[PDB]
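Written out below as structure tokens is the structure these notes cover.
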Amino acid sequence: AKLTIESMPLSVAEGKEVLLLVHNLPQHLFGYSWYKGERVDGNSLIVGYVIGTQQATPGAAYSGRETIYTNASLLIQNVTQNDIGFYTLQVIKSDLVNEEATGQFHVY
Amino acid sequence: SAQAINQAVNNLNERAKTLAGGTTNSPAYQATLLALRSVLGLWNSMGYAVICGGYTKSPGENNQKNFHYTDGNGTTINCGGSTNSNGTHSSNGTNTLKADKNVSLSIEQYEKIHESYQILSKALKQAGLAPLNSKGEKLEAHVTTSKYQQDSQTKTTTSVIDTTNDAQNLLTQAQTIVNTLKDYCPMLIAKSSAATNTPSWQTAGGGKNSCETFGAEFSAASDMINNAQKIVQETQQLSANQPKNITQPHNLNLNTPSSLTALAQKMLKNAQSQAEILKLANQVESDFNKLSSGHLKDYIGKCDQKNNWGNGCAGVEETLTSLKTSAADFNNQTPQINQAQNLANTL
Ligand SMILES: [Ca+2]
Ligand SMILES: [Ca+2]
């Protein structure tokens, strides 16, 4: 039922990559955005995407290593220790009701 | 003869003064009014569904603004926020994503629509549309908005705008509303899985781009305004070229072949301005039919917790009837204007 994030892999080696997969993404969306950390916070915006636009908009937490897809997945390549911790996805549905989910991966 | 010329001049001048200065009896005035009321009707019909509050510079802004409407019930539109899954208000909504074409209006763009709407609405309510050959009168428009404060409260502000009820000012306000929508094509809110009733065009599931849903409607409304603006301009050209009656008919030093040819050409310019105004007025009716025959057919012309979003509530059908009635009156007088041109042409 509820929006959830899956890290792939669960724990990542340094220099490698991790995919944050989204389960139960609502069908009818206005847009969505990924944030570094555990809170929806514009200052920690990695990247946002609006349905219908063909082009995502990066934020201050963008580091050149993150790729968003239109299944709402976020790929992070060339992972380091600084990427440890939480990631937050917010989704804005077509009726302007939002949903939120949290992801995380370990790094070594 | 001078008897015949003075008759044709009196016909032109009488017809011109009704057309330029009349209200109920002028199709120029009724067409201009129809265009203004049509834009108010457009916004009352679909404006509530326009997505607004996308960020301009930075998502750190976290900006929200509320825009207040009054029928006599009051409503409030939030730009920037969203609703949480449990029903509570979130300060993070449309402001999490960038404002631009095909996405959402910025707060600045919405406040311009909102202000223009309140000016246009309040001018027509408080003073009516001024006659097209008039300067109009001054009036005060009130624009009410609110904003969220540090944690606790909501601060409401009522602004006062000094404005006028002349056609040119009011058409400018209408043009601001239509061009903002037509040029930035914001997305529309979908029905869920401040309107009480849901219009047929607002379907559940996916949201629609406003220029996809209302492309024809926006083009019609835009053409109505542009043709109305040309009516206003032709009306002033008409008010300039007002031919004088021949006095001292037998005095050929006063009434020379030079002065009488200038009079005859002044009569033709007056008549040609009149014809062009009536043609524009008919085109406005045609464009209103375009505007009112698609998604808004069962909405723009009608009006009946509770609010009137989704219905036009702008008196467009009444004005259309007055346009038709006045236009027919001027059309019945076409024979006496054709002979007045033919009289002028022989000179
Ligand atoms: Ca599309
Ligand atoms: Ca309303």
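The chains in the structure tokens are called A, B, ... from first to last as shown; in each chain the residues are counted from 1, and the ligands are counted from 1 in the order shown.
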Find the residues around residue 50 (chain A) up to 9 Å (only C-alpha atoms counted), leave out those fewer than 5 positions away in its own chain, and share them as a PyMOL selection string. (chain A and resi 29-33+55-57) or (chain B and resi 97-98+103)
Residues at most 12 Å from ligand 1, using only C-alpha atoms and all ligand atoms? Could they come as JSON, numbers by chain? {"A": [29, 30, 50, 51, 52, 53, 54], "B": [102, 103, 185, 186, 187, 206, 207, 208, 209, 210, 211, 212, 213]}
Using only C-alpha atoms and all ligand atoms, which residues of the polymer chains come no farther than 9 Å from ligand 2? I'd like the answer as a PyMOL selection string. chain B and resi 43-45+47-48+69-71+73-75+194-195+307-313
Please, which residues of chain A lie no more than 6 Å from chain B when the count uses only C-alpha atoms, and can they be set out as a VMD selection string? chain A and resid 28 42 to 43 94 to 98
Would you mind exporting the chosen residues as a short mmCIF file (atom, residue, chain, number, x, y, z; two decimals), in the first residue's frame, restricted to C-alpha atoms?
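Saved the output as part-v1.cif:
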data_model
loop_
_atom_site.label_atom_id
_atom_site.label_comp_id
_atom_site.auth_asym_id
_atom_site.auth_seq_id
_atom_site.Cartn_x
_atom_site.Cartn_y
_atom_site.Cartn_z
CA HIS A 28 -1.02 9.83 -10.94
CA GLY A 42 14.71 22.46 0.03
CA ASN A 43 18.25 23.17 1.29
CA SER A 94 -2.17 14.91 -9.10
CA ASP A 95 -4.72 16.05 -6.47
CA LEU A 96 -1.88 17.78 -4.48
CA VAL A 97 -1.80 15.13 -1.75
CA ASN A 98 1.80 14.22 -0.86
#
Taking 2 positions as the minimum chain separation for residues in the same chain, which residues sit within 10 Å of residue 267 (chain B) when counting only C-alpha atoms? Answer as a list in words. residues 5, 8, 9, 12, 13, 241, 242, 243, 244, 261, 262, 263, 264, 265, 269, 270, 271, 272, 273, 340, 341, 343, 344 and 345 of chain B
Generate a file of the selected residues that holds C-alpha atoms, formatted as a PDB file, in the first residue's frame.
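Final output, saved to selection-v9.pdb:
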ATOM      1  CA  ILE B   5     -25.743  66.659 -46.888  1.00  0.00           C
ATOM      2  CA  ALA B   8     -26.587  62.437 -43.901  1.00  0.00           C
ATOM      3  CA  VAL B   9     -24.287  64.238 -41.419  1.00  0.00           C
ATOM      4  CA  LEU B  12     -23.823  59.658 -39.017  1.00  0.00           C
ATOM      5  CA  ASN B  13     -23.411  61.839 -35.903  1.00  0.00           C
ATOM      6  CA  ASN B 241     -13.803  62.527 -37.010  1.00  0.00           C
ATOM      7  CA  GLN B 242     -17.103  64.272 -36.197  1.00  0.00           C
ATOM      8  CA  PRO B 243     -18.325  66.089 -39.369  1.00  0.00           C
ATOM      9  CA  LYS B 244     -19.946  69.538 -39.009  1.00  0.00           C
ATOM     10  CA  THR B 261     -14.484  67.790 -50.115  1.00  0.00           C
ATOM     11  CA  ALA B 262     -12.810  67.761 -46.642  1.00  0.00           C
ATOM     12  CA  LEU B 263     -16.268  67.421 -45.029  1.00  0.00           C
ATOM     13  CA  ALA B 264     -17.201  64.566 -47.440  1.00  0.00           C
ATOM     14  CA  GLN B 265     -13.973  62.682 -46.639  1.00  0.00           C
ATOM     15  CA  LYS B 269     -13.899  58.132 -42.280  1.00  0.00           C
ATOM     16  CA  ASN B 270     -16.714  58.346 -39.702  1.00  0.00           C
ATOM     17  CA  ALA B 271     -18.840  55.818 -41.629  1.00  0.00           C
ATOM     18  CA  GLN B 272     -15.871  53.445 -42.225  1.00  0.00           C
ATOM     19  CA  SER B 273     -15.007  53.570 -38.503  1.00  0.00           C
ATOM     20  CA  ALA B 340     -24.763  58.796 -46.699  1.00  0.00           C
ATOM     21  CA  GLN B 341     -21.540  57.264 -48.103  1.00  0.00           C
ATOM     22  CA  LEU B 343     -23.800  61.026 -51.100  1.00  0.00           C
ATOM     23  CA  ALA B 344     -20.243  61.759 -49.862  1.00  0.00           C
ATOM     24  CA  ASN B 345     -18.552  59.829 -52.717  1.00  0.00           C
TER      25      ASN B 345
END
Just give me the gap between CA of residue 87 (chain A) and CA of residue 6 (chain A) in Å, one decimal is fine.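 Spanning CA of residue 87 (chain A) to CA of residue 6 (chain A) is a straight-line distance of 11.0 Å.
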I want to know what sits within 9 Å of residue 168 (chain B), based on only C-alpha atoms, with residues of the same chain fewer than 5 positions away left out; could you give that as a ChimeraX atom specification? /B:132,173,229,232
Restricting it to C-alpha atoms, dump the selection as a short mmCIF file (atom, residue, chain, number, x, y, z; two decimals), in the first residue's frame.
data_model
loop_
_atom_site.label_atom_id
_atom_site.label_comp_id
_atom_site.auth_asym_id
_atom_site.auth_seq_id
_atom_site.Cartn_x
_atom_site.Cartn_y
_atom_site.Cartn_z
CA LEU B 132 -16.11 53.97 -24.45
CA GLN B 173 -6.50 43.47 -16.47
CA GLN B 229 -9.19 46.69 -27.66
CA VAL B 232 -11.88 51.02 -28.15
#
Using only C-alpha atoms, which of the listed residues (A:3, A:76, A:89, A:25) sits closest to residue 64 (chain A)? A:76
Rank A:81, A:108, A:91, A:24 by their smallest atom-to-atom distance to residue 40 (chain A), using only C-alpha atoms, and report the top residue only.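 Among the listed residues, the smallest separation from residue 40 (chain A) belongs to A:91.
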I need the residues of region 111-230 of chain B that end up classed as alpha helix (DSSP H) by DSSP on the backbone, written out as a PyMOL selection string. chain B and resi 111-126+167-184+210-213+215-230
Keeping only C-alpha atoms, write the selected residues to a file as a compact mmCIF listing (two decimals), in the first residue's frame.
# COMPACT_ATOMS: atom_id res chain seq x y z
CA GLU B 111 -0.72 37.36 -7.42
CA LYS B 112 -0.84 39.28 -10.76
CA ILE B 113 -3.82 37.18 -11.93
CA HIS B 114 -5.47 37.59 -8.52
CA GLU B 115 -4.91 41.35 -8.41
CA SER B 116 -6.15 41.85 -12.02
CA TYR B 117 -9.22 39.73 -11.24
CA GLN B 118 -10.06 41.74 -8.10
CA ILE B 119 -9.56 45.07 -10.00
CA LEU B 120 -11.74 43.92 -12.91
CA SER B 121 -14.42 42.43 -10.65
CA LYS B 122 -14.56 45.40 -8.27
CA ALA B 123 -14.50 48.04 -11.05
CA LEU B 124 -17.50 46.44 -12.80
CA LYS B 125 -19.36 45.96 -9.47
CA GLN B 126 -18.67 49.42 -8.00
CA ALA B 167 -12.25 50.17 -21.01
CA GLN B 168 -8.48 50.37 -21.65
CA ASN B 169 -7.53 49.78 -18.00
CA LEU B 170 -10.06 46.93 -17.61
CA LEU B 171 -9.07 45.21 -20.88
CA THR B 172 -5.44 45.34 -19.65
CA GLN B 173 -6.50 43.47 -16.47
CA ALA B 174 -8.36 40.85 -18.55
CA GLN B 175 -5.36 40.50 -20.85
CA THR B 176 -3.06 39.85 -17.84
CA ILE B 177 -5.29 36.96 -16.72
CA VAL B 178 -5.57 35.34 -20.19
CA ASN B 179 -1.94 35.81 -21.30
CA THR B 180 -0.54 34.44 -18.04
CA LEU B 181 -2.49 31.19 -18.61
CA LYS B 182 -1.92 30.96 -22.37
CA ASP B 183 1.85 31.69 -22.12
CA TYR B 184 2.74 29.59 -19.02
CA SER B 210 -4.35 23.98 -18.84
CA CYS B 211 -3.44 24.78 -22.50
CA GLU B 212 -4.36 21.21 -23.52
CA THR B 213 -7.72 21.27 -21.72
CA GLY B 215 -6.46 25.69 -25.71
CA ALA B 216 -9.48 26.71 -27.81
CA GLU B 217 -11.07 28.53 -24.85
CA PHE B 218 -7.90 30.57 -24.09
CA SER B 219 -7.54 31.48 -27.78
CA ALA B 220 -11.18 32.58 -27.98
CA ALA B 221 -10.91 34.66 -24.79
CA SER B 222 -7.66 36.20 -26.06
CA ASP B 223 -9.26 37.13 -29.42
CA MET B 224 -12.28 38.64 -27.63
CA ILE B 225 -9.96 40.96 -25.66
CA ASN B 226 -7.84 41.87 -28.71
CA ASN B 227 -10.95 42.69 -30.78
CA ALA B 228 -12.43 44.66 -27.86
CA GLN B 229 -9.19 46.69 -27.66
CA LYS B 230 -9.50 47.49 -31.39
Have a look at CA of residue 21 (chain A) and CA of residue 57 (chain B) and let me know their distance in Å, one decimal.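 Between CA of residue 21 (chain A) and CA of residue 57 (chain B) the gap works out to 29.5 Å.
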Do a neighbour search on residue 102 (chain A) at 8 Å with only C-alpha atoms, toss out local chain neighbours closer than 3 positions, and write the hits as a PDB file with C-alpha atoms, in the first residue's frame.
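As written to disk, out_36.pdb reads:
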ATOM      1  CA  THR A   4       8.641   2.419   0.386  1.00  0.00           C
ATOM      2  CA  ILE A   5      12.328   2.581  -0.612  1.00  0.00           C
ATOM      3  CA  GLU A  38      15.683  12.247   6.696  1.00  0.00           C
ATOM      4  CA  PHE A  86      19.287   8.782   5.068  1.00  0.00           C
ATOM      5  CA  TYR A  87      17.631   9.770   1.799  1.00  0.00           C
ATOM      6  CA  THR A  88      14.047  11.061   1.550  1.00  0.00           C
ATOM      7  CA  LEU A  89      11.643  10.867  -1.417  1.00  0.00           C
TER       8      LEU A  89
END
List as a VMD selection string the protein and nucleic acid residues near residue 275 (chain B), meaning an atom at most 12 Å away when only C-alpha atoms are counted, but skip any in the same chain fewer than 2 places from it. chain B and resid 12 15 to 16 19 27 to 28 231 234 to 235 238 268 to 273 277 to 282 327 330 to 331 333 to 334 337 to 338 341
Residues at most 8 Å from residue 78 (chain B), counting only C-alpha atoms, excluding those fewer than 5 positions away in the same chain, as a VMD selection string? chain B and resid 64 to 67
Restricted to N, CA, C and O atoms, what would the selected residues look like written as a short mmCIF file (atom, residue, chain, number, x, y, z; two decimals), in the first residue's frame?
data_model
loop_
_atom_site.label_atom_id
_atom_site.label_comp_id
_atom_site.auth_asym_id
_atom_site.auth_seq_id
_atom_site.Cartn_x
_atom_site.Cartn_y
_atom_site.Cartn_z
N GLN B 64 4.94 30.23 0.59
CA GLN B 64 3.51 30.02 0.45
C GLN B 64 2.80 31.35 0.51
O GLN B 64 3.20 32.23 1.27
N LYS B 65 1.72 31.47 -0.25
CA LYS B 65 0.83 32.61 -0.13
C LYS B 65 -0.61 32.18 -0.38
O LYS B 65 -0.87 31.33 -1.22
N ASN B 66 -1.53 32.77 0.39
CA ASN B 66 -2.95 32.49 0.29
C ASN B 66 -3.66 33.67 -0.37
O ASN B 66 -3.38 34.83 -0.05
N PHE B 67 -4.59 33.37 -1.28
CA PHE B 67 -5.32 34.40 -2.02
C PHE B 67 -6.81 34.30 -1.78
O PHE B 67 -7.40 33.23 -1.97
#
May I have all residues of region 7-62 of chain A that DSSP, computed from the backbone, assigns to strand (DSSP E or B), given as a PyMOL selection string? chain A and resi 7-8+11-12+18-23+29-36+45-50+57-58
Next, the residues of the selection above should be written as a short mmCIF file (atom, residue, chain, number, x, y, z; two decimals), in the first residue's frame with C-alpha atoms.
data_model
loop_
_atom_site.label_atom_id
_atom_site.label_comp_id
_atom_site.auth_asym_id
_atom_site.auth_seq_id
_atom_site.Cartn_x
_atom_site.Cartn_y
_atom_site.Cartn_z
CA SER A 7 18.44 0.04 -1.33
CA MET A 8 20.32 -2.13 -3.85
CA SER A 11 25.51 -2.21 2.01
CA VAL A 12 27.82 -0.60 -0.58
CA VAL A 18 23.73 2.08 -5.11
CA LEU A 19 20.18 2.17 -6.47
CA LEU A 20 17.29 3.45 -4.35
CA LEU A 21 14.27 1.62 -5.82
CA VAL A 22 10.74 2.83 -5.16
CA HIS A 23 7.88 0.43 -4.41
CA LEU A 29 1.72 12.28 -10.06
CA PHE A 30 2.40 15.99 -10.45
CA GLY A 31 6.06 15.52 -9.52
CA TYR A 32 8.55 14.26 -6.96
CA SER A 33 11.89 15.04 -5.41
CA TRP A 34 14.82 13.39 -3.63
CA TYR A 35 16.46 14.90 -0.53
CA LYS A 36 19.73 14.13 1.24
CA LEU A 45 17.33 18.89 -2.41
CA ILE A 46 19.30 16.47 -4.61
CA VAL A 47 16.95 16.56 -7.62
CA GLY A 48 13.28 17.17 -8.52
CA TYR A 49 11.22 16.03 -11.54
CA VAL A 50 7.84 17.24 -12.83
CA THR A 57 16.10 20.00 -11.95
CA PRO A 58 19.03 19.58 -9.51
#
